[PDB]
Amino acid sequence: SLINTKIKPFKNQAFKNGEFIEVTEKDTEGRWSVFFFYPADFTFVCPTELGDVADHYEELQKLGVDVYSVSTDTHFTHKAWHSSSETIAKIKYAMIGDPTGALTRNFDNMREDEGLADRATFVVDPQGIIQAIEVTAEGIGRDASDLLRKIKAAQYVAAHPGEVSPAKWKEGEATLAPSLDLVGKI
């Protein structure tokens, strides 16, 4: 159960906007982060999901949220994919390579018989605590707008302790304030 645990240290090469950079956990400290795992560069279902997040990246950045896509491919491969796919071309966040699989396994997200990461998305808060987890089968695409929903929910809860965001929570809704009075009445 990795929900509500702190992410483990890591150090990986990544491709980001035409450069190779190093990313470590220190980059994520004090920031909101999305770790977006996918199985394989040059595949199919994967780009539309990565592109979709890219579509939301301007808004994520305005909200102080960084994004890291991760596969067991090399950063070298990411750079190539980025130049040959016009969907991937629009990605401006870090594409992390994890050929040792270390980062994938920190998140218990390896397909051990394929040596590829599972389709998993992790939301990590500025204290390194995992606040949301999504994992789907090889054939089921994720939904970046729902990802946005959860991040805003997580950010809200962080900013209003003692308050919570209910089912269907969206921008500006009545929230709940835990209390002795509210128990069993809803």
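Just count from 1 along the sequence shown to find any residue number.
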Hey, which bit's got the bigger mean C-alpha B factor in the entry, 93-101 or 78-86? 78-86
Can you tell me whether 161-169 has a higher mean C-alpha B factor than 21-29 in this record, or the other way round? 161-169
Out of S69, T43, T121, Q131, which residue has the highest Cα temperature factor in the PDB record? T43
Using the temperature factors in the entry, find which of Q127, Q155, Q61, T48 has the highest value at its Cα atom. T48
Would you please rank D73 by its C-alpha temperature factor against the other modelled residues of its chain and give the third it falls in: lowest, middle or highest? middle
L182: CA B-factor among chain residues, third -> highest
Hey, what third does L148 fall into on Cα B-factor, ranked over its chain? middle
Compare the C-alpha B factor of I140 with those of the other modelled residues in its chain, then answer lowest, middle or highest third. highest
